[PDB]
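Here we start with a single chain on its own, the form deposited in one PDB entry, put down as structure tokens.
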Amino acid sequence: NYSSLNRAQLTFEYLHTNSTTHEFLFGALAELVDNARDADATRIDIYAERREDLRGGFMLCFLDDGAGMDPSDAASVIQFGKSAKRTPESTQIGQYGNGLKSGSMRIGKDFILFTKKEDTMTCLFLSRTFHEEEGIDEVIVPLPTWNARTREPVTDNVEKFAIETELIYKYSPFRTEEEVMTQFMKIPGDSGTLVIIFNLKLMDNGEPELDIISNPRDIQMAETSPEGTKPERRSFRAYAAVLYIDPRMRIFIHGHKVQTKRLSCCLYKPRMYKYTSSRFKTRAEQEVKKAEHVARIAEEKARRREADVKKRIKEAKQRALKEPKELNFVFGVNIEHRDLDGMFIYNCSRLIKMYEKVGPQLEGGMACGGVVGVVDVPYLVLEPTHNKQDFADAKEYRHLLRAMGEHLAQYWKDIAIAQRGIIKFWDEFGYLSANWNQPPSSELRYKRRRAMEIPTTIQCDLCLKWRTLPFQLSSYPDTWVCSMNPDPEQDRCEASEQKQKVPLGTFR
């Protein structure tokens, strides 16, 4: 028994250190939103309440309507590394068990959670202000929980509970149970989660690190975003918009829907290439071997259904000796924004690499300028970094970027817009200036032309079924639902999805 041996233990300065992985602050926010997706949320509202008594002048909230957490899955949040999402297929962004703790501490000193599921509403209050003011060396994470209906406590150790709630009412924006329950009641359904991040990182000037004052319908960099700063890194509304390859969920920043995007739908000629990346034909076999030998490990530890689950993964991975033997590179040219380009690498539906230039994009020029990648990389091909803004296995990752370079050139010469004239193509979509970062002209003809080539896709508000409208309203223009959809078959709420047909290209 390995009970007396020393264990690695977190410390206060490790919270700072782990947050330091997030040089990308909207990446830090994006991790908390990823967890909301992994709870199968349909909405994730990201309003920021205005409390000036705290540092930063406000609180950064993440409301959602998903499958939240039970107290066990709440305690699994502070178990660094632990991700219960580990399971067959199951996009489930969380694999590393460290994105929320990584991000909420890059975002501000403190953070308070208000998850909810079934008949439980767990709170997860981790505050570095408490730690600094009381001299904490470890990582003390208050974990109080109440009942979803009665809003009465659900926890074994009452003294622990009292300490947790006392710290919440001592450092949190919410100085009593009444305001904490108000925050809980913001969760409209019987399951969901509200993550607030408070005592926010003050910039060198004194303002918080996140602006909610310049645009009250958005969370932006309080740093003056210098020109080249992309919306996704200067607006978490943009990041949440493009945060997933298949967002079956809506984002309400400041009570205002983000027009979320699959990023495969909203592109010009979204051609999908079934490529074995050269290596992934080898890492299809090793993927079969990985699922086989680890199912053998699953059998060894079992020596039962967990091995059977992993054995069915192995035969499902021997089926992935065809199906995920090749990565789905959904290349497409972003005509809405030319400069917001580069392979949007989705490691199982989470944007890890945004604006990563590969292939002809690495060398300067119009070669593959504009092309968005939208690859749904599984966690078998490759895994992200600690910050989930780079990729861990840099060897296999450079190999995947090289493979996407070959097939990005393939997509480039298959659509052949450069042969027809890349500059003329861009002129056809509003861009008639020299600077590559110049947004498209608001000119009517170019707006219509962009709206046409883009399959005008829009989620619903009840069933969330992505349709292909002849028009656009919204859902910051007016809202929309399937029932008001003017289309003969795609009008019923229960009508089958019309998930985008992808014209597949061929190499060589």
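Note that residue numbering follows the sequence shown and begins at 1. In this text, rigid core is short for the largest set of C-alphas that superpose within 1.5 Å between two forms.
Separately, the form deposited in another entry exists; it is not shown, and the next lines address it.
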### Moved residue between this form and the one not shown - picked from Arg279, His386, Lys274, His254, where its Cα shifts 2 angstroms or more relative to the rigid core
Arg279
### Task
Examine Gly103 after superposing the rigid core and state whether its CA is displaced by 2 Å or more between this form and the one not shown.
no
### Query
Would you say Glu443 moves between this form and the one not shown, meaning its CA shifts by 2 Å or more once the core is fitted?
yes
### Query
Superposing on the rigid core, does the Cα of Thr87 end up 2 Å or more away between this form and the one not shown?
yes
